[PDB]
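[1] part one of the complex, untouched from its place in the assembly:
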Amino acid sequence: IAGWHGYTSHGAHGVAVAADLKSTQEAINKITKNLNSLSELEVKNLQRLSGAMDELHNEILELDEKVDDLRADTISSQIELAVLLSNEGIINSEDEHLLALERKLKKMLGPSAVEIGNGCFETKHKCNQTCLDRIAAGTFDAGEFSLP
Amino acid sequence: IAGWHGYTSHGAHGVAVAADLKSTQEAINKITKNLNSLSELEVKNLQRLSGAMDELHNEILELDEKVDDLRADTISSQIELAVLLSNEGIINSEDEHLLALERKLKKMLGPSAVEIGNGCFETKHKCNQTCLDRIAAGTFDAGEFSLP
């Protein structure tokens, strides 16, 4: 059972299911671009001072530890926000895609059908796999069944 | 050829063009507020320690350099996000303006015209410069050509 974005069909043939490849893929690509971007953040690492010796320079080493501790915290917060912003963009792209799927289910199958306002429609004609597959393929013509 | 936001007219007079001053300006002002805001960020600069002497305090100076290096990186990331957020707000304001231009092309020229859903319309009447200029000026009345 593939697909992520797709269509349904009720009717007398029972229920039937088919997937919109492009809508599925673009949702995917959005997530993969974010993953790549988050995987390629460049942050400098922290090492010891080369000049500061143990026993001799304990006071400096305490400050060094302090600089590191505050830096880790800052970078953590900075990275956390990046993830929160990524999730924001991914979730928002969902609504763009869904709305675009409704406008496609409104361009096809003509005015002979009536919209439930549910993402779902009530059609005059029967559907089933083949007819639903053409809706998924974007090749469905209403005029098959002599309709507007 | 001025304008940024504006209107078109096809028809028998060939094509014709006119600009919406307020919509152009508000788009502009949005960009200029962002530029000003980004130009007025206040960030403290970095100088040498006054007390730390070369040769005597090399270990401290190495740590000083380290504090500066990490700080530059943090501020760079912080400034970069500010620009990314600005660009977000500017681009989003575009859609608000366009949608508002469609609702204005729907308030004028009445129900006698039919919307392509393209930002473009098909009107019963002729247009040309003068008629298009009144659409741009917001003084266009459908009833000029006895229309609804």
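    Received the coordinates, thanks. Numbering: from 1, shown residues only, chains lettered A, B, ... in the order given.

[2] who does the helix or strand hosting residue A:76 touch, helix- and strand-wise?
    Of the helices and strands defined by DSSP states H and E, residue A:76 is found in helix A:58-107. Counting contacts by 3 or more C-beta pairs under 8 Å, 6 or more residues apart in numbering or on different chains; DSSP states H and E, the secondary-structure elements packed against helix A:58-107 are helix A:21-39, helix B:58-107. Bear in mind the C-beta positions are built from the backbone N, C-alpha and C, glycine included.

[3] For residue B:148, which of these is the nearest?
    Taking C-beta to C-beta as the measure, the helices and strands packed on helix A:58-107 were each checked against residue B:148, and helix B:58-107 came out nearest at 13.0 Å.

[4] and the closest residue to residue A:8 other than its chain neighbours, what does it touch?
    Beyond its immediate neighbours in the sequence, the residue positioned closest to residue A:8 (C-beta to C-beta, 6 or more residues apart in numbering or on different chains) is residue A:17, lying 6.0 Å away. Counting by C-beta atoms under 8 Å, 6 or more residues apart in numbering or on different chains, residue A:17 touches A:1, A:3, A:6, A:7, A:8, A:9, A:132.

[5] Mind checking which of those are buried?
    By neighbour count, with 16 or more other C-beta atoms under 10 Å in any protein chain shown, the contacts of residue A:17 hold A:6, A:7, A:9, A:132 as buried.

[6] which pair in the residues you listed spans the largest distance?
    Of all pairs drawn from these, the greatest distance, 10.7 Å, lies between A:6 and A:9 (C-beta to C-beta).

[7] still on that earlier bit, so how far is residue A:10 from the residue nearest to residue A:8?
    The span separating residue A:17 from residue A:10 equals 11 Å under the rule C-beta to C-beta, to the nearest Å.

[8] tell me, what's touching those two both at once?
    Applying C-beta under 8 Å, 6+ apart, one finds that no residue jointly contacts residue A:17 and residue A:10.

[9] Put this one in as chain C:
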Amino acid sequence: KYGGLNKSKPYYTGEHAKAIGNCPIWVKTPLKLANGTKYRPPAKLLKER
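    Putting chain C onto the chains we already have gives this:
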């Protein structure tokens, strides 16, 4: 603190410490990237089996 390690994921949680090389970056909480669609515990736009 961890000795030699391999960057299996971009970030890690645990004990922050000095490190060198191609390392995961320390983070306070187990961050998660969205990989999906919204919720919708599920609708009866058919209701069968």
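
[10] what do you get for what packs on helix A:58-107 once chain C is counted?
    Checked by 3+ C-beta pairs under 8 Å, 6+ apart, helix A:58-107 has helix A:21-39, helix B:58-107, strand C:25-26 packed alongside it.

[11] Is there proximity between the shortest one and chain A?
    This means strand C:25-26. Yes - remark: strand C:25-26 sits within contact range of chain A at C:25, C:26, by C-beta under 8 Å from any C-beta of the partner chain.

[12] what does that strand rub up against?
    For strand C:25-26, the surrounding residues in contact (C-beta under 8 Å, 6+ apart) are A:41, A:43, A:72, A:75, A:76, A:79, C:10, C:11, C:12, C:13, C:14, C:16.

[13] you'd agree the first one is up against residue A:80?
    No - under the contact definition of C-beta atoms under 8 Å, residue A:41 does not touch residue A:80, with a separation of 11.9 Å.

[14] could you list every residue that touches residue A:134?
    For residue A:134, the contacting residues are A:140, A:141, by C-beta under 8 Å, 6+ apart.

[15] If we use 10 Å, what do you get?
    Listed by C-beta atoms under 10 Å, 6 or more residues apart in numbering or on different chains, the contact partners of residue A:134 are A:18, A:108, A:127, A:140, A:141, A:144.

[16] Report how many residues lie close to residue A:5.
    When neighbours are defined as other C-beta atoms under 10 Å in any protein chain shown, residue A:5 has 21 of them.

[17] just checking, it touches residue A:93?
    No - because the distance of 11.8 Å does not satisfy C-beta atoms under 10 Å, residue A:5 is recorded as not touching residue A:93.

[18] Alongside chain A, which residues does chain C contribute?
    C:7, C:9-11, C:13, C:16-23, C:25-29, C:31-38, C:43, C:45-49 (C-beta under 10 Å from any C-beta of the partner chain).

[19] Are any of those residues buried, and if so which?
    Among those, the ones that count as buried (16+ other C-beta under 10 Å) are C:10, C:11, C:16, C:19, C:25, C:26, C:27, C:31, C:34.

[20] Now the residues you listed in a markdown table, please, with extra columns for distance to residue A:59.
    Supplementary listing: these in a markdown table, determined by distance: C-beta to C-beta, whole Å:
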| residue | distance to residue A:59 |
| --- | --- |
| C:10 | 36 |
| C:11 | 33 |
| C:16 | 22 |
| C:19 | 24 |
| C:25 | 29 |
| C:26 | 26 |
| C:27 | 30 |
| C:31 | 36 |
| C:34 | 47 |
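
[21] next up, chain D:
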Amino acid sequence: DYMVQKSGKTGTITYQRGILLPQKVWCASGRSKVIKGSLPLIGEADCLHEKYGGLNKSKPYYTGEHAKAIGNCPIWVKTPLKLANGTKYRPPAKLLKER
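    Adding chain D to what we have so far:
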């Protein structure tokens, strides 16, 4: 040699023959902002930058070598940042198609 005496405190010196005893001493207060640079100073500038020398803030940010600096300075950034100044794309529609 020198010794620093802070907050009204007395210092001490022990010595034998050939001593150069202190006479006039330095009295200093406040703090100056210091960076590395070279003489002579030529004219004036908004900003003094350790690597670039005197520079004028032509744009709010700069790319290049970060360094210590003082004054009214552009801020260092990792990449050449860009502000939007326009409308979206739309390589262009044929809502007329002519010339």
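
[22] and the contacts of residue A:17, now that chain D is part of it?
    Residues in contact with residue A:17, defined by C-beta under 10 Å, 6+ apart, are A:1, A:2, A:3, A:6, A:7, A:8, A:9, A:129, A:132, A:136, C:46.

[23] Return the distance of it relative to chain B.
    Residue A:17 sits 30 Å away from chain B, going by C-beta to the nearest C-beta, to the nearest Å.

[24] which SS class is that residue?
    Using DSSP: H, G, I helix; E, B strand; the rest coil, the secondary structure recorded for residue A:17 is strand.

[25] Of all residues in chain C, which one is closest to chain B?
    Taking C-beta to the nearest C-beta, chain B has its nearest neighbour within chain C at residue C:18, 11.8 Å off.

[26] does that residue really touch residue A:71, like I thought?
    No - contact criterion C-beta under 10 Å: residue C:18 and residue A:71 do not qualify, at 11.0 Å.

[27] Mind listing the shared neighbours of those two?
    residue A:46.

[28] Could you pull up phi and psi at the residue of chain A positioned farthest from its centre?
    Farthest-out residue of chain A from its mean C-alpha position, per C-alpha atoms, centre = their mean: residue A:56, at 55.5 Å. Backbone dihedrals for residue A:56, given as degrees, to the nearest 10, come out at phi -80, psi -40.

[29] in stretch A:19-33, what counts as buried?
    Residues of stretch A:19-33 classed as buried under the neighbour-count rule (16+ other C-beta under 10 Å) are A:20, A:23, A:24, A:27, A:30, A:31.

[30] now check that stretch, is it near chain C?
    Yes - part of stretch A:19-33 sits close enough to chain C to count as contact by C-beta under 10 Å from any C-beta, namely A:27, A:28, A:30, A:31, A:32.

[31] which ones are touching the third one?
    Contacts for residue A:30 were tallied using C-beta under 10 Å, 6+ apart; they are A:86, A:89, A:90, A:92, A:93, A:94, A:96, A:97, C:34.

[32] If we use 7 Å, what do you get?
    With contact set as C-beta atoms under 7 Å, 6 or more residues apart in numbering or on different chains, residue A:30 has these partners: A:90, A:93.
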